[PDB]
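Reading through the structure tokens given below for one structure.
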Amino acid sequence: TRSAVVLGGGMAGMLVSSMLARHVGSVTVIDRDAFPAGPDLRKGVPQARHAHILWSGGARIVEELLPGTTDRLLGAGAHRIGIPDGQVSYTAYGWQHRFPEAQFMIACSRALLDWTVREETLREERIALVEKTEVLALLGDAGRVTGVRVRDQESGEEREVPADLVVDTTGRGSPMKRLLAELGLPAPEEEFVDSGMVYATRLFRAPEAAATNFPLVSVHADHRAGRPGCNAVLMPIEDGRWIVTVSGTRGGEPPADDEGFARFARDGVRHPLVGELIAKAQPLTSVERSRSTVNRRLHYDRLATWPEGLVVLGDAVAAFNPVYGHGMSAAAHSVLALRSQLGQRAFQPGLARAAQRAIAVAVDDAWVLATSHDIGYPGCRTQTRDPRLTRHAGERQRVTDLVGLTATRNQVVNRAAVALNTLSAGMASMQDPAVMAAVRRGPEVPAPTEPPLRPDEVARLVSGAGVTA
Ligand SMILES: Cc1cc2nc3c(=O)[nH]c(=O)nc-3n(C[C@H](O)[C@H](O)[C@H](O)COP(=O)(O)OP(=O)(O)OC[C@H]3O[C@@H](n4cnc5c(N)ncnc54)[C@H](O)[C@@H]3O)c2cc1C
Ligand SMILES: [Cl-]
């Protein structure tokens, strides 16, 4: 009984289709893009060309909704990288000591992750993916949405798709503002923090002995310094390749050419470790850039009038600067918020409004983590009403900077630090007396003077060829 229509077949659309199919009779996914039969790039997801980090918070939710996805991803060549044991990060406060595993992350190409999730989601026959179809209008009125009017691209014909619930997961380019204006409702309050961050990505062939078991390598900017923030990340992906992403805010954007790419990885960031590593490897692709790095939040939950049976989640409601890697995990938490409101209110009046408020809560942690670090950079453009970002930004920063500094050299503080940053625990977990006691206990290890690389890791950066003696 009952039917749902999900707009957009990306990450959030697939995950919320898996969830909705367990609560309604049929789910119809509407997308304007063409979908490949294998782990391929497509025009509807241009961000798949760049490095994608799936934190434990998102991966655990994906595993719950689609059991077997993690093992399937690992079987295809993905890497399970422990945190912080398997990471080499020059943090804003110094090198992070590689304590034993507290959290984890999944490392694969975004194309492989999207194809794997879609294959598992579409095993349920009651979910239908309708490709290359435009979204014309929402059916119903400003009091209740009753479906969507769509148009096939090949024919141009228009049809009505009825639904008891319409979920918008069309991503950053969501047309929900227009779709709502044609419904008569005003525009939602728009919050954004624009640092001008620009991505630049190249693919590399890892040295043979390092195709397996290699750590995530990241060189971070110092968000407290008054210089443009530049980052460099090296992430192993399937099939023995390395995806290398460099980034910079306004006034320090990475170049588009191959020559300048390696120079940026060596001298554009605070430590040349990534630049040193890529020169052990064969480049495979040219530089591809992205400018989709604005933290943007649409407050649909606070509109005076909100229609029944209409829900927005994913990048359509809250997008973030990707250098913090919370986008996919935030959408996963949003899907669970909707699932929580379905278990509580079923399809009674008030579900859509209650779902929109829980979705706003579910993304607030990722929003704060991204925007609190982005506002400091030179040339930043901010439009906000949040006192955390405005009035109380100085006091909140003096505490996180103290937490972050201690987290590089204290295991229990690091435990809470990575639990929050992987979106596996809430903000309140940082106020537990057992964490603030460890912050007051100070460091338990010396600040590393070198990249905390393991000797067996660096040994696998060379073939060992040409030696017979
Ligand atoms: C460069 C970059 C790097 C990132 N790195 C990370 C990372 O490491 N970790 C992380 O967690 N997140 C990362 N993100 C964020 C993550 O990619 C997004 O948050 C995530 O894709 C959100 O899922 P979504 O389904 O809402 O959007 P998408 O995955 O983009 O899905 C959009 C879908 O809707 C369709 N669509 C779009 N417009 C319309 C329309 N008008 N009508 C119909 N269909 C439409 C598209 O064809 C597509 O299928 C990164 C983003 C970028 C740009
Ligand atoms: Cl992009």
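Every chain in the structure tokens has a letter given in the order shown (A, B, ...), and although residue numbers restart at 1 in each chain, ligands are simply numbered from 1 in the order shown.
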
Give one line per residue of chain A that approaches ligand 1 to at most 8 Å, naming the two atoms of the closest pair and their distance in Å to one decimal, counting only C-alpha atoms and all ligand atoms; sort by chain then ascending residue number and deliver it as a Markdown table.
```
| residue | atom | partner | partner_atom_place_in_ligand_line | distance |
| --- | --- | --- | --- | --- |
| A:7 | CA | ligand 1 | 44 (N) | 5.9 |
| A:8 | CA | ligand 1 | 34 (O) | 3.5 |
| A:9 | CA | ligand 1 | 49 (O) | 4.3 |
| A:10 | CA | ligand 1 | 31 (O) | 3.4 |
| A:11 | CA | ligand 1 | 25 (O) | 4.0 |
| A:12 | CA | ligand 1 | 25 (O) | 3.8 |
| A:13 | CA | ligand 1 | 25 (O) | 5.2 |
| A:14 | CA | ligand 1 | 25 (O) | 7.5 |
| A:30 | CA | ligand 1 | 43 (C) | 6.3 |
| A:31 | CA | ligand 1 | 44 (N) | 3.9 |
| A:32 | CA | ligand 1 | 43 (C) | 4.6 |
| A:33 | CA | ligand 1 | 47 (O) | 4.6 |
| A:34 | CA | ligand 1 | 47 (O) | 7.7 |
| A:43 | CA | ligand 1 | 47 (O) | 6.9 |
| A:44 | CA | ligand 1 | 47 (O) | 3.4 |
| A:45 | CA | ligand 1 | 30 (O) | 5.0 |
| A:46 | CA | ligand 1 | 53 (C) | 7.4 |
| A:47 | CA | ligand 1 | 53 (C) | 4.5 |
| A:48 | CA | ligand 1 | 17 (O) | 7.2 |
| A:49 | CA | ligand 1 | 1 (C) | 7.5 |
| A:50 | CA | ligand 1 | 1 (C) | 5.2 |
| A:51 | CA | ligand 1 | 8 (O) | 5.7 |
| A:52 | CA | ligand 1 | 8 (O) | 3.1 |
| A:53 | CA | ligand 1 | 8 (O) | 3.4 |
| A:54 | CA | ligand 1 | 11 (O) | 5.3 |
| A:55 | CA | ligand 1 | 11 (O) | 6.9 |
| A:58 | CA | ligand 1 | 11 (O) | 7.5 |
| A:133 | CA | ligand 1 | 43 (C) | 7.0 |
| A:134 | CA | ligand 1 | 42 (N) | 5.6 |
| A:135 | CA | ligand 1 | 42 (N) | 5.4 |
| A:169 | CA | ligand 1 | 26 (O) | 4.9 |
| A:170 | CA | ligand 1 | 34 (O) | 3.7 |
| A:171 | CA | ligand 1 | 27 (O) | 3.6 |
| A:172 | CA | ligand 1 | 27 (O) | 6.5 |
| A:173 | CA | ligand 1 | 38 (N) | 5.1 |
| A:174 | CA | ligand 1 | 38 (N) | 5.3 |
| A:175 | CA | ligand 1 | 41 (N) | 5.4 |
| A:199 | CA | ligand 1 | 1 (C) | 6.4 |
| A:290 | CA | ligand 1 | 1 (C) | 5.8 |
| A:291 | CA | ligand 1 | 53 (C) | 7.5 |
| A:292 | CA | ligand 1 | 53 (C) | 5.0 |
| A:293 | CA | ligand 1 | 53 (C) | 6.4 |
| A:313 | CA | ligand 1 | 26 (O) | 6.8 |
| A:314 | CA | ligand 1 | 26 (O) | 3.7 |
| A:315 | CA | ligand 1 | 26 (O) | 4.0 |
| A:316 | CA | ligand 1 | 26 (O) | 5.8 |
| A:319 | CA | ligand 1 | 19 (O) | 6.1 |
| A:320 | CA | ligand 1 | 15 (C) | 7.1 |
| A:321 | CA | ligand 1 | 51 (C) | 7.4 |
| A:322 | CA | ligand 1 | 4 (C) | 4.4 |
| A:323 | CA | ligand 1 | 5 (N) | 6.6 |
| A:324 | CA | ligand 1 | 8 (O) | 7.1 |
| A:325 | CA | ligand 1 | 9 (N) | 3.4 |
| A:326 | CA | ligand 1 | 11 (O) | 4.0 |
| A:327 | CA | ligand 1 | 19 (O) | 3.4 |
| A:328 | CA | ligand 1 | 11 (O) | 3.5 |
| A:329 | CA | ligand 1 | 11 (O) | 5.2 |
| A:330 | CA | ligand 1 | 11 (O) | 7.2 |
| A:331 | CA | ligand 1 | 22 (C) | 6.4 |
```

Store the residues picked out above in a file with C-alpha atoms, as a CSV table (one decimal), in the first residue's frame.
```csv
chain,number,residue,atom,x,y,z
A,7,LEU,CA,13.5,12.8,-7.4
A,8,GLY,CA,17.1,12.0,-8.3
A,9,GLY,CA,18.9,8.6,-8.3
A,10,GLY,CA,22.2,9.7,-6.7
A,11,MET,CA,23.5,8.6,-3.3
A,12,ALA,CA,20.7,10.0,-1.2
A,13,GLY,CA,18.0,8.9,-3.7
A,14,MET,CA,19.2,5.3,-3.8
A,30,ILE,CA,12.9,10.0,-11.4
A,31,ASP,CA,16.2,11.2,-12.9
A,32,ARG,CA,17.1,13.3,-15.9
A,33,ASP,CA,20.5,11.5,-16.5
A,34,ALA,CA,21.4,8.3,-18.2
A,43,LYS,CA,27.0,13.6,-16.3
A,44,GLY,CA,24.5,13.7,-13.5
A,45,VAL,CA,27.2,13.1,-10.9
A,46,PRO,CA,30.2,15.3,-12.1
A,47,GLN,CA,31.8,15.1,-8.6
A,48,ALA,CA,32.7,11.4,-9.1
A,49,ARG,CA,36.0,12.5,-10.8
A,50,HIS,CA,37.3,13.6,-7.4
A,51,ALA,CA,38.3,11.8,-4.3
A,52,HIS,CA,35.4,10.6,-2.1
A,53,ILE,CA,35.9,9.6,1.5
A,54,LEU,CA,33.1,7.5,3.1
A,55,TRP,CA,33.4,7.9,6.8
A,58,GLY,CA,27.9,6.9,6.6
A,133,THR,CA,13.2,12.1,-17.4
A,134,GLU,CA,12.7,15.8,-16.6
A,135,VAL,CA,10.8,17.0,-13.5
A,169,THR,CA,17.2,14.2,-3.6
A,170,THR,CA,18.2,16.0,-6.8
A,171,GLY,CA,21.5,17.3,-5.2
A,172,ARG,CA,23.1,20.7,-5.4
A,173,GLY,CA,21.2,21.6,-8.6
A,174,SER,CA,17.9,20.8,-7.1
A,175,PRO,CA,15.0,22.7,-8.7
A,199,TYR,CA,39.6,21.2,-6.3
A,290,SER,CA,35.7,21.5,-9.4
A,291,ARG,CA,34.3,24.7,-7.9
A,292,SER,CA,31.4,23.1,-6.0
A,293,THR,CA,32.7,23.8,-2.5
A,313,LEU,CA,17.2,15.7,1.9
A,314,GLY,CA,20.7,15.3,0.7
A,315,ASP,CA,22.7,18.0,-1.1
A,316,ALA,CA,19.3,19.6,-2.0
A,319,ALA,CA,25.7,20.9,1.0
A,320,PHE,CA,29.2,21.2,2.5
A,321,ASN,CA,32.7,22.0,1.5
A,322,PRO,CA,33.9,18.5,0.4
A,323,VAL,CA,37.4,18.7,2.1
A,324,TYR,CA,35.7,17.6,5.3
A,325,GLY,CA,34.1,14.6,3.5
A,326,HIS,CA,30.7,14.6,5.2
A,327,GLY,CA,28.4,14.8,2.2
A,328,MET,CA,27.5,11.2,1.8
A,329,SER,CA,27.4,10.5,5.5
A,330,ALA,CA,25.1,13.5,6.2
A,331,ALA,CA,22.6,12.2,3.6
```

Per-residue DSSP, segment 145-302 of chain A, filtered to strand (DSSP E), as an mmCIF file with N, CA and C atoms, in the first residue's frame:
```
data_model
loop_
_atom_site.group_PDB
_atom_site.id
_atom_site.type_symbol
_atom_site.label_atom_id
_atom_site.label_comp_id
_atom_site.auth_asym_id
_atom_site.auth_seq_id
_atom_site.Cartn_x
_atom_site.Cartn_y
_atom_site.Cartn_z
ATOM 1 N N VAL A 145 1.181 17.831 -1.383
ATOM 2 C CA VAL A 145 1.744 17.369 -2.644
ATOM 3 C C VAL A 145 1.242 15.955 -2.901
ATOM 4 N N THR A 146 0.775 15.705 -4.124
ATOM 5 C CA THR A 146 0.166 14.429 -4.472
ATOM 6 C C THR A 146 0.901 13.711 -5.598
ATOM 7 N N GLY A 147 2.105 14.140 -5.938
ATOM 8 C CA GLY A 147 2.857 13.516 -7.002
ATOM 9 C C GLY A 147 3.602 14.551 -7.809
ATOM 10 N N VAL A 148 4.142 14.107 -8.940
ATOM 11 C CA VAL A 148 4.969 14.941 -9.799
ATOM 12 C C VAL A 148 4.519 14.774 -11.243
ATOM 13 N N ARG A 149 4.594 15.864 -12.004
ATOM 14 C CA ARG A 149 4.443 15.817 -13.451
ATOM 15 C C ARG A 149 5.827 15.747 -14.081
ATOM 16 N N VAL A 150 6.036 14.755 -14.944
ATOM 17 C CA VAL A 150 7.340 14.487 -15.533
ATOM 18 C C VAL A 150 7.219 14.532 -17.052
ATOM 19 N N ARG A 151 8.375 14.523 -17.714
ATOM 20 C CA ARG A 151 8.431 14.538 -19.169
ATOM 21 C C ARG A 151 9.554 13.637 -19.657
ATOM 22 N N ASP A 152 9.215 12.705 -20.544
ATOM 23 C CA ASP A 152 10.227 11.889 -21.197
ATOM 24 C C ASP A 152 11.012 12.741 -22.185
ATOM 25 N N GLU A 158 4.317 14.313 -21.542
ATOM 26 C CA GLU A 158 4.184 14.595 -20.122
ATOM 27 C C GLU A 158 3.153 13.666 -19.504
ATOM 28 N N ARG A 159 3.472 13.150 -18.320
ATOM 29 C CA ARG A 159 2.577 12.276 -17.581
ATOM 30 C C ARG A 159 2.636 12.641 -16.105
ATOM 31 N N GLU A 160 1.613 12.218 -15.371
ATOM 32 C CA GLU A 160 1.528 12.449 -13.936
ATOM 33 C C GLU A 160 1.893 11.179 -13.184
ATOM 34 N N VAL A 161 2.843 11.296 -12.265
ATOM 35 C CA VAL A 161 3.242 10.192 -11.402
ATOM 36 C C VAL A 161 2.680 10.474 -10.011
ATOM 37 N N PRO A 162 1.654 9.752 -9.568
ATOM 38 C CA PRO A 162 1.069 10.027 -8.254
ATOM 39 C C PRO A 162 1.870 9.388 -7.134
ATOM 40 N N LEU A 165 4.069 10.379 -0.963
ATOM 41 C CA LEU A 165 5.225 11.097 -0.444
ATOM 42 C C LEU A 165 6.182 11.376 -1.594
ATOM 43 N N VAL A 166 6.643 12.620 -1.695
ATOM 44 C CA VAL A 166 7.617 13.031 -2.700
ATOM 45 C C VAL A 166 8.892 13.447 -1.979
ATOM 46 N N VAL A 167 9.979 12.722 -2.237
ATOM 47 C CA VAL A 167 11.282 12.994 -1.637
ATOM 48 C C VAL A 167 12.179 13.610 -2.704
ATOM 49 N N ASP A 168 12.713 14.795 -2.414
ATOM 50 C CA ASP A 168 13.617 15.496 -3.316
ATOM 51 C C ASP A 168 15.057 15.194 -2.909
ATOM 52 N N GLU A 189 14.769 30.357 3.625
ATOM 53 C CA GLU A 189 15.950 31.094 4.049
ATOM 54 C C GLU A 189 17.212 30.353 3.624
ATOM 55 N N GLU A 190 18.141 31.085 3.010
ATOM 56 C CA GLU A 190 19.358 30.519 2.438
ATOM 57 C C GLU A 190 20.562 30.931 3.273
ATOM 58 N N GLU A 191 21.270 29.942 3.807
ATOM 59 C CA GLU A 191 22.488 30.149 4.578
ATOM 60 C C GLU A 191 23.667 29.591 3.794
ATOM 61 N N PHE A 192 24.710 30.403 3.607
ATOM 62 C CA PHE A 192 25.889 29.910 2.908
ATOM 63 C C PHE A 192 27.161 30.523 3.481
ATOM 64 N N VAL A 193 28.245 29.755 3.394
ATOM 65 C CA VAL A 193 29.593 30.191 3.748
ATOM 66 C C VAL A 193 30.499 29.783 2.593
ATOM 67 N N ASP A 194 30.967 30.763 1.819
ATOM 68 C CA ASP A 194 31.706 30.526 0.581
ATOM 69 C C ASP A 194 33.167 30.913 0.779
ATOM 70 N N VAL A 198 38.638 25.493 -4.474
ATOM 71 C CA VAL A 198 38.720 24.884 -5.796
ATOM 72 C C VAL A 198 39.488 23.573 -5.685
ATOM 73 N N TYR A 199 38.924 22.506 -6.250
ATOM 74 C CA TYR A 199 39.553 21.193 -6.252
ATOM 75 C C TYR A 199 40.377 20.997 -7.520
ATOM 76 N N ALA A 200 41.393 20.142 -7.424
ATOM 77 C CA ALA A 200 42.180 19.732 -8.584
ATOM 78 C C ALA A 200 42.633 18.299 -8.353
ATOM 79 N N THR A 201 42.255 17.400 -9.261
ATOM 80 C CA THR A 201 42.410 15.969 -9.054
ATOM 81 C C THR A 201 43.183 15.345 -10.208
ATOM 82 N N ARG A 202 44.096 14.434 -9.870
ATOM 83 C CA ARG A 202 44.782 13.597 -10.841
ATOM 84 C C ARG A 202 44.775 12.158 -10.349
ATOM 85 N N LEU A 203 44.718 11.222 -11.292
ATOM 86 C CA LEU A 203 44.805 9.800 -10.985
ATOM 87 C C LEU A 203 46.218 9.301 -11.258
ATOM 88 N N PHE A 204 46.713 8.445 -10.367
ATOM 89 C CA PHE A 204 48.062 7.907 -10.453
ATOM 90 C C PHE A 204 48.031 6.395 -10.296
ATOM 91 N N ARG A 205 49.018 5.732 -10.892
ATOM 92 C CA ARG A 205 49.213 4.299 -10.714
ATOM 93 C C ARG A 205 50.202 4.095 -9.571
ATOM 94 N N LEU A 216 45.972 6.342 4.056
ATOM 95 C CA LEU A 216 45.490 7.635 3.587
ATOM 96 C C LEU A 216 46.451 8.735 4.026
ATOM 97 N N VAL A 217 46.895 9.553 3.075
ATOM 98 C CA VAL A 217 47.853 10.624 3.334
ATOM 99 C C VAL A 217 47.186 11.961 3.048
ATOM 100 N N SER A 218 47.204 12.854 4.035
ATOM 101 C CA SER A 218 46.533 14.142 3.934
ATOM 102 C C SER A 218 47.441 15.224 4.496
ATOM 103 N N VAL A 219 47.569 16.334 3.773
ATOM 104 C CA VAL A 219 48.240 17.528 4.278
ATOM 105 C C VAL A 219 47.202 18.638 4.348
ATOM 106 N N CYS A 230 45.125 25.641 1.874
ATOM 107 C CA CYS A 230 45.442 24.688 0.819
ATOM 108 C C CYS A 230 45.598 23.297 1.421
ATOM 109 N N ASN A 231 44.995 22.300 0.774
ATOM 110 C CA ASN A 231 45.068 20.921 1.232
ATOM 111 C C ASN A 231 45.574 20.021 0.112
ATOM 112 N N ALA A 232 46.082 18.854 0.505
ATOM 113 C CA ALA A 232 46.520 17.833 -0.443
ATOM 114 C C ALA A 232 46.255 16.471 0.177
ATOM 115 N N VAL A 233 45.512 15.621 -0.534
ATOM 116 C CA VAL A 233 45.099 14.317 -0.029
ATOM 117 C C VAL A 233 45.504 13.242 -1.028
ATOM 118 N N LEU A 234 46.029 12.130 -0.514
ATOM 119 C CA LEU A 234 46.355 10.953 -1.313
ATOM 120 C C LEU A 234 45.555 9.773 -0.779
ATOM 121 N N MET A 235 44.672 9.226 -1.613
ATOM 122 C CA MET A 235 43.770 8.164 -1.189
ATOM 123 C C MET A 235 43.911 6.971 -2.126
ATOM 124 N N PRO A 236 44.177 5.777 -1.600
ATOM 125 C CA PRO A 236 44.199 4.588 -2.459
ATOM 126 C C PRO A 236 42.788 4.174 -2.839
ATOM 127 N N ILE A 237 42.612 3.825 -4.113
ATOM 128 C CA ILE A 237 41.337 3.318 -4.612
ATOM 129 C C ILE A 237 41.567 1.959 -5.257
ATOM 130 N N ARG A 241 45.293 2.048 -7.968
ATOM 131 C CA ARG A 241 45.463 3.437 -8.353
ATOM 132 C C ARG A 241 45.441 4.335 -7.120
ATOM 133 N N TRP A 242 45.964 5.543 -7.296
ATOM 134 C CA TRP A 242 45.935 6.586 -6.282
ATOM 135 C C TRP A 242 45.175 7.769 -6.852
ATOM 136 N N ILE A 243 44.182 8.248 -6.116
ATOM 137 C CA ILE A 243 43.505 9.489 -6.466
ATOM 138 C C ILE A 243 44.092 10.587 -5.586
ATOM 139 N N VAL A 244 44.615 11.632 -6.216
ATOM 140 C CA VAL A 244 45.312 12.706 -5.524
ATOM 141 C C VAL A 244 44.535 13.990 -5.764
ATOM 142 N N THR A 245 44.008 14.572 -4.690
ATOM 143 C CA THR A 245 43.225 15.796 -4.765
ATOM 144 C C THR A 245 43.946 16.893 -3.997
ATOM 145 N N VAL A 246 44.210 18.005 -4.672
ATOM 146 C CA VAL A 246 44.711 19.211 -4.035
ATOM 147 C C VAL A 246 43.611 20.262 -4.095
ATOM 148 N N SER A 247 43.691 21.236 -3.192
ATOM 149 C CA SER A 247 42.630 22.221 -3.067
ATOM 150 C C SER A 247 43.184 23.508 -2.478
ATOM 151 N N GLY A 248 42.469 24.600 -2.725
ATOM 152 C CA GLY A 248 42.841 25.887 -2.172
ATOM 153 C C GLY A 248 41.671 26.839 -2.211
ATOM 154 N N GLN A 282 52.970 6.691 -11.596
ATOM 155 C CA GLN A 282 52.737 7.056 -12.987
ATOM 156 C C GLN A 282 51.408 7.787 -13.096
ATOM 157 N N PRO A 283 51.390 9.040 -13.547
ATOM 158 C CA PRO A 283 50.110 9.740 -13.720
ATOM 159 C C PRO A 283 49.289 9.095 -14.823
ATOM 160 N N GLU A 288 41.621 17.589 -13.415
ATOM 161 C CA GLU A 288 40.218 17.975 -13.480
ATOM 162 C C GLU A 288 39.882 18.782 -12.237
ATOM 163 N N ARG A 289 39.227 19.920 -12.434
ATOM 164 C CA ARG A 289 38.921 20.847 -11.357
ATOM 165 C C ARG A 289 37.429 20.851 -11.055
ATOM 166 N N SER A 290 37.100 21.348 -9.866
ATOM 167 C CA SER A 290 35.725 21.517 -9.425
ATOM 168 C C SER A 290 35.637 22.774 -8.574
ATOM 169 N N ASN A 295 29.496 25.815 1.299
ATOM 170 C CA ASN A 295 28.594 25.308 2.328
ATOM 171 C C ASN A 295 27.267 26.037 2.189
ATOM 172 N N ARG A 296 26.232 25.331 1.752
ATOM 173 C CA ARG A 296 24.937 25.943 1.488
ATOM 174 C C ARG A 296 23.866 25.157 2.227
ATOM 175 N N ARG A 297 22.982 25.867 2.922
ATOM 176 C CA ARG A 297 21.939 25.229 3.713
ATOM 177 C C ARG A 297 20.618 25.940 3.447
ATOM 178 N N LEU A 298 19.600 25.177 3.055
ATOM 179 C CA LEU A 298 18.271 25.695 2.755
ATOM 180 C C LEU A 298 17.347 25.271 3.892
ATOM 181 N N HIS A 299 16.765 26.257 4.588
ATOM 182 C CA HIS A 299 15.933 26.026 5.788
ATOM 183 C C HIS A 299 14.448 25.828 5.419
#
```

### Query
Could you work out how far atom CA of residue 302 of chain A lies from atom CA of residue 188 of chain A, giving the answer in Å with one decimal?
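If I compute the distance from atom CA of residue 188 of chain A to atom CA of residue 302 of chain A, I get 7.7 Å.
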
### Query
Which one is closest to ligand 2: A:42, A:428, A:91, A:453? Count only C-alpha atoms and all ligand atoms.
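For ligand 2, the nearest of the candidates is A:42.
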
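In this structure, atom CA of residue 456 of chain A sits 11.6 Å away from atom CA of residue 215 of chain A.
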
### Task
Mind checking which residues fall within 10 Å of residue 227 of chain A, counting only C-alpha atoms, ignoring those fewer than 6 positions away in the same chain, and posting them as a VMD selection string?
chain A and resid 221 249 to 252 376 to 378

For the selection you just gave me, I'd like the residues written to a file as a PDB file, in the first residue's frame, keeping C-alpha atoms.
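Writing the result to selection07.pdb gives the following:
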```
ATOM      1  CA  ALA A 221      45.751  23.771   5.991  1.00  0.00           C
ATOM      2  CA  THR A 249      40.546  28.709  -1.150  1.00  0.00           C
ATOM      3  CA  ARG A 250      40.366  32.098  -2.862  1.00  0.00           C
ATOM      4  CA  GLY A 251      43.775  33.543  -3.723  1.00  0.00           C
ATOM      5  CA  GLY A 252      45.415  30.106  -3.615  1.00  0.00           C
ATOM      6  CA  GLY A 376      38.241  32.217   8.880  1.00  0.00           C
ATOM      7  CA  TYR A 377      39.790  32.121   5.412  1.00  0.00           C
ATOM      8  CA  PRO A 378      40.632  35.371   3.583  1.00  0.00           C
TER       9      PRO A 378
END
```

### Task
Taking the DSSP assignment computed from this structure's backbone, write out as a PyMOL selection string all residues of segment 64-305 of chain A that belong to alpha helix (DSSP H).
chain A and resi 64-65+69-75+110-121+176-181+258-263+273-278

### Nearest to ligand 2 by atom-to-atom distance, counting only C-alpha atoms and all ligand atoms, from A:269, A:277, A:37, A:294
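Checking each candidate against ligand 2, we get A:294 as the closest.
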
### Nearby residues (only C-alpha atoms) at most 12 Å from residue 69 of chain A, same-chain spacing under 3 positions excluded, as a list in words
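Selected residues are residues 15, 59, 60, 61, 62, 63, 64, 65, 66, 72, 73, 74, 75, 76, 78, 106, 112, 113, 114, 115, 116, 117, 118, 119, 120 and 121 of chain A.
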
Please, could you write that set of residues out with N, CA and C atoms as a short mmCIF file (atom, residue, chain, number, x, y, z; two decimals), in the first residue's frame?
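The file below, part.cif, is the result:
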```
data_model
loop_
_atom_site.label_atom_id
_atom_site.label_comp_id
_atom_site.auth_asym_id
_atom_site.auth_seq_id
_atom_site.Cartn_x
_atom_site.Cartn_y
_atom_site.Cartn_z
N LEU A 15 19.72 5.48 -1.38
CA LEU A 15 19.62 5.06 0.02
C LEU A 15 18.19 5.23 0.54
N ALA A 59 29.17 4.79 6.33
CA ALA A 59 29.31 3.39 5.92
C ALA A 59 28.45 2.47 6.77
N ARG A 60 28.38 2.72 8.08
CA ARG A 60 27.56 1.89 8.95
C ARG A 60 26.09 1.98 8.57
N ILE A 61 25.62 3.18 8.22
CA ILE A 61 24.23 3.33 7.80
C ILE A 61 23.99 2.63 6.46
N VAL A 62 24.93 2.78 5.52
CA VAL A 62 24.82 2.09 4.24
C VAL A 62 24.78 0.58 4.44
N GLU A 63 25.61 0.07 5.35
CA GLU A 63 25.62 -1.37 5.61
C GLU A 63 24.31 -1.83 6.23
N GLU A 64 23.69 -0.99 7.06
CA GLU A 64 22.42 -1.36 7.67
C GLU A 64 21.31 -1.40 6.62
N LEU A 65 21.24 -0.39 5.75
CA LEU A 65 20.18 -0.33 4.75
C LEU A 65 20.37 -1.39 3.67
N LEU A 66 21.62 -1.63 3.26
CA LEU A 66 21.95 -2.57 2.19
C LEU A 66 23.01 -3.53 2.69
N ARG A 72 31.00 -6.43 -0.51
CA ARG A 72 30.98 -6.32 -1.96
C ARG A 72 31.94 -5.24 -2.45
N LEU A 73 31.96 -4.09 -1.77
CA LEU A 73 32.88 -3.02 -2.15
C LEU A 73 34.33 -3.46 -1.97
N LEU A 74 34.63 -4.13 -0.86
CA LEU A 74 35.99 -4.61 -0.63
C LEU A 74 36.38 -5.67 -1.65
N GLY A 75 35.44 -6.53 -2.03
CA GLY A 75 35.71 -7.51 -3.07
C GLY A 75 36.02 -6.89 -4.42
N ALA A 76 35.51 -5.68 -4.67
CA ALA A 76 35.79 -4.99 -5.92
C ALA A 76 37.09 -4.20 -5.88
N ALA A 78 37.97 -1.98 -3.07
CA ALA A 78 37.95 -0.85 -2.15
C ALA A 78 38.86 -1.13 -0.96
N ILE A 106 35.99 3.99 4.19
CA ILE A 106 36.02 3.18 2.98
C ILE A 106 36.55 4.04 1.84
N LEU A 112 32.49 3.59 -8.52
CA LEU A 112 32.29 2.23 -8.03
C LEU A 112 31.30 2.20 -6.87
N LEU A 113 31.36 3.20 -5.99
CA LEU A 113 30.44 3.24 -4.86
C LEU A 113 29.01 3.48 -5.33
N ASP A 114 28.81 4.38 -6.30
CA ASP A 114 27.47 4.65 -6.81
C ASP A 114 26.88 3.42 -7.50
N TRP A 115 27.69 2.73 -8.31
CA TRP A 115 27.19 1.55 -9.00
C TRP A 115 26.88 0.42 -8.03
N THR A 116 27.73 0.24 -7.01
CA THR A 116 27.50 -0.82 -6.03
C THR A 116 26.22 -0.56 -5.24
N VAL A 117 26.02 0.68 -4.79
CA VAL A 117 24.83 1.02 -4.02
C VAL A 117 23.58 0.86 -4.87
N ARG A 118 23.65 1.25 -6.14
CA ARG A 118 22.47 1.17 -7.00
C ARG A 118 22.11 -0.27 -7.31
N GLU A 119 23.12 -1.12 -7.53
CA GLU A 119 22.86 -2.54 -7.79
C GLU A 119 22.16 -3.19 -6.60
N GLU A 120 22.64 -2.93 -5.39
CA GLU A 120 22.01 -3.51 -4.21
C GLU A 120 20.62 -2.93 -3.99
N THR A 121 20.46 -1.62 -4.21
CA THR A 121 19.16 -0.99 -3.98
C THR A 121 18.11 -1.51 -4.95
#
```

### Query
atom CA of residue 97 of chain A to atom CA of residue 268 of chain A: how many Å, to one decimal?
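About the pair atom CA of residue 97 of chain A and atom CA of residue 268 of chain A: they are 23.7 Å apart.
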